[PDB]
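K.L.:
one piece of my complex first, more on the way:
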Amino acid sequence: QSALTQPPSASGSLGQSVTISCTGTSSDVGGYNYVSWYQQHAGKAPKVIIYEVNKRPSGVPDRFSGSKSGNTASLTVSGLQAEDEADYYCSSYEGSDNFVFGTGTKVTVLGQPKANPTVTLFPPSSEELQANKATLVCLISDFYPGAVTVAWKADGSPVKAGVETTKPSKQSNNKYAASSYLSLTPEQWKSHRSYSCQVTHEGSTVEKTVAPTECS
């Protein structure tokens, strides 16, 4: 019926350790030894890092370890790293082949070094302009925290109009990425001098420009 009361948040520090614990009743959790832990990364397939309460599949490292106490098991992670930022779930065998999960926890490894973005501007394909099209993409990546402001200007004065930015998403490196594209026209692209993309991240503005190259 109900889930296994799991806290909604935790916080650790690079090298430290954090114990995420979920609780239930003496019917599902409290009765057996099948309290397992999952871990999916921000809207992405789950993964198992614990089973039979205190155990791990031949992949999860030695920082992962949970153990059942009362009617509540609990996982803890030391050697805390940035890549550990994620939502964890707790399961537990119920009655008639029934399995129950926790209410979820989102652990945030604090103390994570701050990064300034790396803006890469791109000129329309050698083939984009062949189909009578032209769109520029401002690749903002490798930055942290996860908030940024992307802006576009024409030959010098604002261009805001026909610009689509996307939310910032974590990468494989535990930092963020994010693009922003402009849709021009070969003609709305040629009849100019230089377009530029501006990325303001934590009081640190970056700004690359672009000009037409004949070849690619």
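P.N.:
In hand now; what should we look at? Residues are numbered from 1 along each chain as shown, chains lettered A, B, ... in the order given.
K.L.:
helix, strand or coil for residue A:28?
P.N.:
Assigned with DSSP: H, G, I helix; E, B strand; the rest coil, residue A:28 falls in the coil class.
K.L.:
Across the sheet, point out what pairs with the residue positioned nearest the centre of chain A.
P.N.:
In chain A, the residue lying closest to the centroid (C-alpha atoms, centre = their mean) is residue A:170, at 3.0 Å. With DSSP bridges as the criterion, the beta-bridge partners of residue A:170 are residue A:176.
K.L.:
Surely it touches residue A:41?
P.N.:
Yes: contact criterion C-beta atoms under 8 Å: residue A:170 and residue A:41 qualify, at 7.5 Å. In short, each C-beta sits where N, CA and C put it, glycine included.
K.L.:
sorry, back to before: let me see the contact set for the residue nearest to the centre of chain A.
P.N.:
Residues in contact with residue A:170 (C-beta atoms under 8 Å, 6 or more residues apart in numbering) are A:41, A:42, A:85, A:146, A:176, A:177.
K.L.:
Relative to residue A:186, which of the residues you listed is nearest.
P.N.:
Among the contacts of residue A:170, residue A:177 lies closest to residue A:186 (C-beta to C-beta), at 28.6 Å.
K.L.:
quick one: that closest one and residue A:167 touch, right?
P.N.:
No: Residue A:177 lies out of contact with residue A:167 (C-beta under 8 Å); the separation is 10.3 Å.
K.L.:
More neighbours: the two, which one.
P.N.:
residue A:177 (19 against 8; other C-beta atoms under 10 Å).
K.L.:
which other residues reach stretch A:47-57?
P.N.:
A:33-40, A:60, A:64-68, A:73, A:75.
K.L.:
counting contacts, what elements does the longest strand along chain A pack onto?
P.N.:
Of all segments of type strand in chain A, defined using DSSP state E, the longest is strand A:135-143. For strand A:135-143, the packing partners by 3 or more C-beta pairs under 8 Å, 6 or more residues apart in numbering; DSSP states H and E come out as strand A:118-122, strand A:149-153, strand A:176-178, strand A:180-183, strand A:195-201.
K.L.:
also put chain B on there:
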Amino acid sequence: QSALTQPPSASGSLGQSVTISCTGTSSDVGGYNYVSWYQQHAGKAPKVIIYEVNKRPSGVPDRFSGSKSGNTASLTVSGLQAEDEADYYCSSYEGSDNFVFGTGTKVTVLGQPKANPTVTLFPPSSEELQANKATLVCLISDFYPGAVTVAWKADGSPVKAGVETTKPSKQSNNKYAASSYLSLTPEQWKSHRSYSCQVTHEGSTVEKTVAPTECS
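P.N.:
One more piece, chain B, placed on the ones above:
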């Protein structure tokens, strides 16, 4: 690792009957009758919706069926109810360590017409190769539901590492558009026949190839 595989998106309207797949071939023993189907709404904890190919726990409406087709675990949400729009995972238990998890299928009760992705592959601008670096940006715009799958190949052969994908973000036209990039040294760049990016999205599989002919 992602042995089990499934559509990026599977959508329909009310009444319809979407049919998610779990074609986790990867050959396997081709005899793992333990396939589960976790349903994961947004902002909530997953939950076994079907288990053992086709067994259903207490609760689950008959609207759901489960089955293995040679090497294909499928699920069907006939009469697609509104409250059925979520992410639908799938799995097979292996070696008590290998809990392989599908990749996730996000159902969507159609809210607007279907919009296929508009991928445009970008090569590293000359000025960038003038900084001893290459970045290939794959821009995917104008689609729906907001669920895409991106693959990378260098010379036809997959590019399993160095690739980055963003998370679908609604555009001003409420049409999703994500972006994927692959960072590589000018050498890797120049040392390959042609580079290709190819997103997935409900049947269609548009792929764009880019050759390293650059001006620098």
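K.L.:
Go back to the contacts of stretch A:47-57, now with chain B?
P.N.:
A:33-40, A:60, A:64-68, A:73, A:75, B:96-99, B:101 (C-beta atoms under 8 Å, 6 or more residues apart in numbering or on different chains).
K.L.:
How far does that stretch stretch from one end to the other?
P.N.:
The first residue of stretch A:47-57 is 10 Å away from its last residue (C-alpha to C-alpha, to the nearest Å).
K.L.:
List the buried residues for that stretch?
P.N.:
A:47, A:48, A:49, A:50, A:51, A:53, A:56, A:57 (16 or more other C-beta atoms under 10 Å in any protein chain shown).
K.L.:
In strands, which of the residues you listed fall?
P.N.:
Per DSSP E, those map to strands at A:48, A:49, A:50.
K.L.:
Adding distance to residue B:6, write these out as TSV.
P.N.:
Listed next are these as TSV, based on distance: C-beta to C-beta, whole Å:
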residue	distance to residue B:6
A:48	18
A:49	22
A:50	25
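K.L.:
Please identify which of the residues you listed is nearest to chain B.
P.N.:
Nearest to chain B among those is residue A:48, at 4.3 Å by C-beta to the nearest C-beta.
K.L.:
If the closest one is in a bridge, with which residues?
P.N.:
Beta-bridge partners for residue A:48, by DSSP bridges, are residue A:38.
K.L.:
what's the spacing between the residue nearest to the centre of chain A and residue B:88?
P.N.:
23 Å (C-beta to C-beta, to the nearest Å).
K.L.:
Setting aside sequence-adjacent positions, which residue approaches residue A:34 most closely?
P.N.:
residue A:93 (3.8 Å; C-beta to C-beta, 6 or more residues apart in numbering or on different chains).
K.L.:
list the contacts for the residue in chain A sticking out farthest from the centre?
P.N.:
Distance from the centre of chain A peaks at residue A:191, with 39.2 Å (C-alpha atoms, centre = their mean). Going by C-beta under 8 Å, 6+ apart, residue A:191 touches no other residue.
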